[PDB]
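This report refers to the structure that appears directly beneath it.
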Amino acid sequence: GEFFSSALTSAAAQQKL
Amino acid sequence: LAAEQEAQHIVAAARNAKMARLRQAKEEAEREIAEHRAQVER
Amino acid sequence: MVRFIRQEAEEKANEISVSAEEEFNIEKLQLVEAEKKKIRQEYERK
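Protein chains in written order, with the deposited numbering: chain a, 147 to 161, 193 to 194; chain J, 14 to 55; chain I, 13 to 58.
Below is the structure:
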């Protein structure tokens, strides 16, 4: 839950998944 | 993300496109049979 | 990259849709050929 925002940012930056 | 969002729309619309295309194809196909029947009736 | 693979999967779904549409068109042509055969059948009967 804490790292959900960071994961969303990382998915947006790096990138049926 | 872009990957998650993009795939959903086309996959969702694929079934509707297939259904519409099948219905249309049957629509003009039945026209040929109707025309043959009309020629036979004449 | 990942978005490309997701779009490829979506395009595969769309290609399945298009193949289904083509198969349905062929099936409709066969069905109306059968309908013409039936029409000729009861027409010759009449």
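Where is the CB? At the ideal position from N, CA and C, for every residue including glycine.
Check whether residue i and residue j have beta carbons under 9 Å apart
i	j	result
a:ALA157	J:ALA16	yes
I:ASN26	J:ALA27	yes
Residue-chain proximity (residue i, chain a), Cβ-Cβ < 9 Å
i	result
I:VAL44	no
I:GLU20	yes
J:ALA26	no
J:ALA38	no
I:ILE17	yes
Whole-angstrom C-beta distance between residue j and residue i, which should lie under 8 Å
i	j	result
J:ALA30	I:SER31	Rounded, the Cβ-Cβ distance is 12 Å, inconsistent with contact.
J:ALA42	I:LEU43	7 Å
J:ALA20	I:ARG18	4 Å
Cα-Cα separation, residue i to residue j
i	j	result
I:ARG15	J:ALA33	28 Å
I:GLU34	J:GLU40	14 Å
I:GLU45	I:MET13	47 Å
Cutoff 9 Å: residue i Cβ touching any chain I Cβ
i	result
J:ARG55	no
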